[PDB]
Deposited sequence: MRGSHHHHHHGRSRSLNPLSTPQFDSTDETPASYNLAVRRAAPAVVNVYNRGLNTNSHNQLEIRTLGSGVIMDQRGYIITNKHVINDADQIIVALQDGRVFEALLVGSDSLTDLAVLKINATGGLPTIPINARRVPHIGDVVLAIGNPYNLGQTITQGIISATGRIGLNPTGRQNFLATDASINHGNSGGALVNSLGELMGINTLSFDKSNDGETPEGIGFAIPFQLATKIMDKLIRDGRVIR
């Protein structure tokens, strides 16, 4: 008949880029950022990791290398052997997230698998030492280190644990990722 109001479009372009992270010693989410095979995630996920294992929604499974992390922003960067065509998380550094914007929270809890929740940008600004993004989309261990995107699928932030949920603005998460790629 007609067309149901839906944010499925955003799911198809963003969700395949979000990933499951495992420990395989003798669990959380992550986000493929670029073709080079760099993935963002959370420290509390990969701490004391023995072997890091990444699993995509297309069925591919890799062993990840821990590039570097940042206790301050709780973020961590992994590195997998990028092969032929990787799903990457849509990014627009020219986009200015506005408060009230619709956002989808994407994460693959070890229980249910990939789960999309819906809310809006509740607030932004600074609250710490040196920048956060608040949202009423459910944000727990199940989707921590996951993506947070607008109705267009553009990456707004990386779900974090710093009725209200938090994310790290994609603009900051980028900078942090880039610096962690440093190799003194």
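A.B. asks: Need the unmodelled segments of the deposited chain, numbered from 1, in order.
C.D. replies: No coordinates exist for the deposited residues in 1 to 27, 54 to 65, 170 to 174, 207 to 217, 240 to 243, so these stretches are absent from the model.
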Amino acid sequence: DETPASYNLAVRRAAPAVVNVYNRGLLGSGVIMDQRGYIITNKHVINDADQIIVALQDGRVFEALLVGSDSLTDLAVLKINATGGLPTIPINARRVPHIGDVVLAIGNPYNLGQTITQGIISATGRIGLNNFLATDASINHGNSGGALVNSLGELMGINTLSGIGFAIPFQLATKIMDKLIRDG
From here on, numbers count along this sequence of modelled residues.
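A.B. asks: Which wins on mean Cα temperature factor, 37 to 45 or 115 to 123?
C.D. replies: Mean B over CA atoms: larger for 37 to 45.
A.B. asks: Tell me which stretch has the larger mean Cα B-factor in this entry, 99 to 107 or 72 to 80.
C.D. replies: Comparing 99 to 107 with 72 to 80, the higher average CA B-factor belongs to 72 to 80.
A.B. asks: Which one of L56, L155, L26, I32 shows the top CA temperature factor in the record?
C.D. replies: Highest C-alpha B-factor among the listed residues goes to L26.
A.B. asks: What third of the chain does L129 rank in for C-alpha temperature factor, lowest, middle or highest?
C.D. replies: CA B-factor rank for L129: highest third.
A.B. asks: Per the entry's values, where does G165 land by CA temperature factor relative to the rest of its chain, in the lowest, middle or highest third?
C.D. replies: As the PDB entry reports it, the C-alpha B-factor of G165 lands in the middle third of its chain.
A.B. asks: Among the modelled residues of its chain, does the C-alpha B-factor of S151 lie in the lowest, middle or highest third?
C.D. replies: As the PDB entry reports it, the C-alpha B-factor of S151 lands in the middle third of its chain.
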